[PDB]
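Structure, as structure tokens:
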Amino acid sequence: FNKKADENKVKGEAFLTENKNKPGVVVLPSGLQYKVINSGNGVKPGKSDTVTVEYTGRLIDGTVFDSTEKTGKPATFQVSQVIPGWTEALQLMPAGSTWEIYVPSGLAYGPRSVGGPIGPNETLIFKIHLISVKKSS
């Protein structure tokens with residue numbers, strides 16, 4: 001059981017290790033690193049912000065675990081309703097922006113068997129395409 005758990009710890013920590021090559025890698029107060037494609041553009045509130053976006057997430061396992069785009073239904077949630085790491089990054093994501101964040105387990109639920117959305121000792125990649133905040137306020 002743990003053989004696979006640790007197997008994830010190495011493959012994930014390695015992915016992010018090499019990932020550091022991606023230009024624009026900037027660490028956040030929560031420890032989030034990402035690559036900026038289109039930053040700014042629209043306005044928006046702090047972590048109490050509510051935005052509608054579409055994303056495709058996949059586990060370091062190489063297989064998609066869940067996609068809101070393919071389902072045919074956009075993803076709608078507030079930045080303060082997600083894991084710690086995410087709440088920090090999404091709080092800085094302005095309407096219309098486009099960031100890709102990769103948060104290692106140690107920054108989310110933890111590499112321990114308490115890995116919520118992010119598998120245990122699994123590094124995941126997230127593609128967030130923000131359209132607008134609360135009806136483009």
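Naming scheme: A, B, ... for chains in displayed order of the structure tokens; residues 1 onward per chain; ligands 1 onward as shown.
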
Fill in: Polymer residues at most 10 Å from segment 77-83 of chain A, only C-alpha atoms, same-chain spacing of 5 or more positions, as a list in words
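Final neighbour list, sorted by chain and number: residues 46, 47, 48, 49, 50, 51, 52, 53, 88, 89, 90, 91, 92, 93, 107, 108, 109, 116, 117, 118, 133 and 134 of chain A.
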
Fill in: Expected answer as a PyMOL selection string: strand (DSSP E) residues in chain A
chain A and resi 33-38+50-58+64-67+75-78+98-102+125-133

Export of prior selection with N, CA, C and O atoms as a short mmCIF file (atom, residue, chain, number, x, y, z; two decimals), in the first residue's frame:
data_model
loop_
_atom_site.label_atom_id
_atom_site.label_comp_id
_atom_site.auth_asym_id
_atom_site.auth_seq_id
_atom_site.Cartn_x
_atom_site.Cartn_y
_atom_site.Cartn_z
N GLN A 33 3.82 27.66 -6.42
CA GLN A 33 4.65 28.04 -7.56
C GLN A 33 3.84 27.83 -8.83
O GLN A 33 3.05 26.88 -8.92
N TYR A 34 4.01 28.71 -9.81
CA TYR A 34 3.26 28.59 -11.05
C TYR A 34 3.91 29.35 -12.20
O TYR A 34 4.91 30.04 -12.02
N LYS A 35 3.32 29.21 -13.39
CA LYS A 35 3.81 29.90 -14.58
C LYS A 35 2.71 30.80 -15.13
O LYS A 35 1.65 30.33 -15.55
N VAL A 36 2.98 32.10 -15.13
CA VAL A 36 2.02 33.10 -15.58
C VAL A 36 1.92 33.21 -17.09
O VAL A 36 2.92 33.41 -17.79
N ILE A 37 0.70 33.06 -17.59
CA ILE A 37 0.42 33.19 -19.02
C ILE A 37 -0.17 34.57 -19.29
O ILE A 37 0.39 35.37 -20.04
N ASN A 38 -1.32 34.84 -18.67
CA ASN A 38 -1.99 36.13 -18.80
C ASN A 38 -2.45 36.61 -17.42
O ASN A 38 -3.48 36.17 -16.92
N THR A 50 -15.80 35.39 -5.65
CA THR A 50 -16.51 34.28 -6.27
C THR A 50 -16.36 34.37 -7.78
O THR A 50 -16.79 35.35 -8.39
N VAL A 51 -15.77 33.36 -8.40
CA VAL A 51 -15.56 33.38 -9.84
C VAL A 51 -15.99 32.09 -10.51
O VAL A 51 -16.04 31.03 -9.89
N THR A 52 -16.29 32.20 -11.80
CA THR A 52 -16.68 31.05 -12.61
C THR A 52 -15.59 30.77 -13.63
O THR A 52 -15.26 31.63 -14.44
N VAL A 53 -15.03 29.57 -13.58
CA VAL A 53 -13.96 29.21 -14.49
C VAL A 53 -14.06 27.76 -14.95
O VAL A 53 -14.97 27.03 -14.56
N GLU A 54 -13.10 27.35 -15.78
CA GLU A 54 -13.03 25.99 -16.29
C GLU A 54 -11.62 25.46 -16.12
O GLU A 54 -10.65 26.15 -16.46
N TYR A 55 -11.48 24.24 -15.60
CA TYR A 55 -10.16 23.68 -15.40
C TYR A 55 -10.12 22.19 -15.66
O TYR A 55 -11.14 21.50 -15.61
N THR A 56 -8.92 21.72 -15.94
CA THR A 56 -8.67 20.31 -16.19
C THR A 56 -7.57 19.85 -15.26
O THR A 56 -6.42 20.28 -15.38
N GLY A 57 -7.91 18.96 -14.34
CA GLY A 57 -6.92 18.50 -13.39
C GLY A 57 -6.51 17.07 -13.63
O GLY A 57 -7.31 16.24 -14.07
N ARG A 58 -5.26 16.78 -13.34
CA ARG A 58 -4.72 15.44 -13.52
C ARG A 58 -3.71 15.12 -12.42
O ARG A 58 -3.01 16.01 -11.94
N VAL A 64 -6.09 11.86 -15.97
CA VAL A 64 -7.04 12.83 -15.47
C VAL A 64 -7.92 12.20 -14.40
O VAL A 64 -8.43 11.10 -14.58
N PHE A 65 -8.10 12.91 -13.30
CA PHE A 65 -8.92 12.41 -12.21
C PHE A 65 -10.33 13.00 -12.27
O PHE A 65 -11.28 12.39 -11.78
N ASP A 66 -10.46 14.18 -12.87
CA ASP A 66 -11.75 14.84 -13.01
C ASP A 66 -11.62 16.13 -13.81
O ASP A 66 -10.74 16.95 -13.55
N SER A 67 -12.49 16.30 -14.80
CA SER A 67 -12.48 17.50 -15.63
C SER A 67 -13.87 18.12 -15.69
O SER A 67 -14.85 17.45 -16.01
N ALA A 75 -16.92 25.16 -14.08
CA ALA A 75 -16.66 25.07 -12.66
C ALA A 75 -16.93 26.41 -11.98
O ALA A 75 -16.35 27.42 -12.36
N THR A 76 -17.79 26.41 -10.97
CA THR A 76 -18.12 27.64 -10.26
C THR A 76 -17.94 27.48 -8.75
O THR A 76 -18.69 26.74 -8.10
N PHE A 77 -16.95 28.17 -8.20
CA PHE A 77 -16.67 28.11 -6.77
C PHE A 77 -15.89 29.33 -6.31
O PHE A 77 -15.32 30.05 -7.13
N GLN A 78 -15.86 29.56 -5.00
CA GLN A 78 -15.12 30.68 -4.44
C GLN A 78 -13.74 30.24 -3.99
O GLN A 78 -13.53 29.10 -3.57
N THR A 98 -4.97 34.01 -16.31
CA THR A 98 -4.75 32.62 -16.69
C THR A 98 -3.47 32.08 -16.06
O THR A 98 -2.37 32.30 -16.59
N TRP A 99 -3.61 31.38 -14.94
CA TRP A 99 -2.45 30.83 -14.24
C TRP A 99 -2.54 29.31 -14.14
O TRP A 99 -3.62 28.73 -14.12
N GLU A 100 -1.37 28.67 -14.07
CA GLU A 100 -1.29 27.22 -13.92
C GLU A 100 -0.50 26.91 -12.66
O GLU A 100 0.72 27.10 -12.62
N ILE A 101 -1.18 26.44 -11.63
CA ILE A 101 -0.53 26.16 -10.36
C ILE A 101 -0.35 24.67 -10.09
O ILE A 101 -1.21 23.85 -10.41
N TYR A 102 0.79 24.36 -9.50
CA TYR A 102 1.14 23.00 -9.13
C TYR A 102 1.49 22.98 -7.65
O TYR A 102 2.57 23.41 -7.25
N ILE A 125 -1.22 19.05 -11.16
CA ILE A 125 -1.15 20.24 -11.99
C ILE A 125 -2.55 20.79 -12.21
O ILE A 125 -3.49 20.02 -12.43
N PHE A 126 -2.70 22.10 -12.16
CA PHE A 126 -4.00 22.72 -12.35
C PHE A 126 -3.94 23.85 -13.36
O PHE A 126 -3.08 24.72 -13.29
N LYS A 127 -4.88 23.83 -14.30
CA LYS A 127 -4.97 24.87 -15.32
C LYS A 127 -6.21 25.70 -15.07
O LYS A 127 -7.33 25.27 -15.37
N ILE A 128 -6.02 26.90 -14.54
CA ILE A 128 -7.14 27.77 -14.23
C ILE A 128 -7.29 28.90 -15.23
O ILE A 128 -6.39 29.73 -15.39
N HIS A 129 -8.42 28.92 -15.90
CA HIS A 129 -8.72 29.97 -16.85
C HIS A 129 -9.87 30.80 -16.32
O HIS A 129 -11.04 30.43 -16.46
N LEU A 130 -9.53 31.92 -15.71
CA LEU A 130 -10.53 32.80 -15.11
C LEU A 130 -11.15 33.72 -16.15
O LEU A 130 -10.46 34.46 -16.84
N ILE A 131 -12.48 33.66 -16.25
CA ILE A 131 -13.21 34.49 -17.20
C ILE A 131 -13.61 35.81 -16.56
O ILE A 131 -13.28 36.88 -17.07
N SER A 132 -14.32 35.74 -15.43
CA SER A 132 -14.75 36.94 -14.73
C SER A 132 -15.18 36.64 -13.30
O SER A 132 -15.41 35.48 -12.94
N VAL A 133 -15.29 37.69 -12.49
CA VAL A 133 -15.70 37.56 -11.10
C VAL A 133 -17.10 38.11 -10.87
O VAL A 133 -17.42 39.22 -11.29
#

Worksheet item: Which neighbours of residue 5 of chain A fall inside 12 Å, counting only C-alpha atoms, when residues of the same chain fewer than 2 positions from it are skipped, and could you give them as a PyMOL selection string?
Response: chain A and resi 1-3+7-12+60-61+105+111-115+119-123

Any chance you could export the current selection's C-alpha atoms as a PDB file, in the first residue's frame?
ATOM      1  CA  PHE A   1       0.000   0.000   0.000  1.00  0.00           C
ATOM      2  CA  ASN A   2       2.650   2.505   1.093  1.00  0.00           C
ATOM      3  CA  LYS A   3       4.878   1.227  -1.707  1.00  0.00           C
ATOM      4  CA  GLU A   7       6.165   5.937  -5.243  1.00  0.00           C
ATOM      5  CA  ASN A   8       4.051   9.058  -5.603  1.00  0.00           C
ATOM      6  CA  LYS A   9       6.252  11.073  -3.249  1.00  0.00           C
ATOM      7  CA  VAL A  10       9.234  10.598  -5.576  1.00  0.00           C
ATOM      8  CA  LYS A  11       7.494  10.989  -8.951  1.00  0.00           C
ATOM      9  CA  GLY A  12       5.721  14.123  -7.733  1.00  0.00           C
ATOM     10  CA  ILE A  60       1.028  12.886 -11.246  1.00  0.00           C
ATOM     11  CA  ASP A  61      -0.124   9.401 -12.229  1.00  0.00           C
ATOM     12  CA  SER A 105       0.891  17.567  -1.045  1.00  0.00           C
ATOM     13  CA  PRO A 111       1.731  13.865   1.850  1.00  0.00           C
ATOM     14  CA  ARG A 112       0.075  11.872   4.633  1.00  0.00           C
ATOM     15  CA  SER A 113      -2.904   9.547   4.150  1.00  0.00           C
ATOM     16  CA  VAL A 114      -5.028  12.675   4.639  1.00  0.00           C
ATOM     17  CA  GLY A 115      -4.676  13.672   0.999  1.00  0.00           C
ATOM     18  CA  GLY A 119      -3.740  12.125  -3.852  1.00  0.00           C
ATOM     19  CA  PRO A 120      -1.348  11.188  -0.997  1.00  0.00           C
ATOM     20  CA  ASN A 121       2.244  12.259  -1.705  1.00  0.00           C
ATOM     21  CA  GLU A 122       0.979  13.153  -5.169  1.00  0.00           C
ATOM     22  CA  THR A 123       1.901  16.321  -7.027  1.00  0.00           C
TER      23      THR A 123
END

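Backbone DSSP assigns alpha helix (DSSP H) in segment 1-68 of chain A to residues 2, 3, 4, 5, 6, 7, 8, 9, 10, 11, 12, 13, 14, 15, 16, 17, 18 and 19 of chain A.
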
Discussion item. Given only C-alpha atoms as the basis, pick out the residue of A:15, A:95, A:84, A:63 nearest to residue 110 of chain A.
Written reply: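 Residue with the minimum atom-to-atom distance to residue 110 of chain A: A:84.
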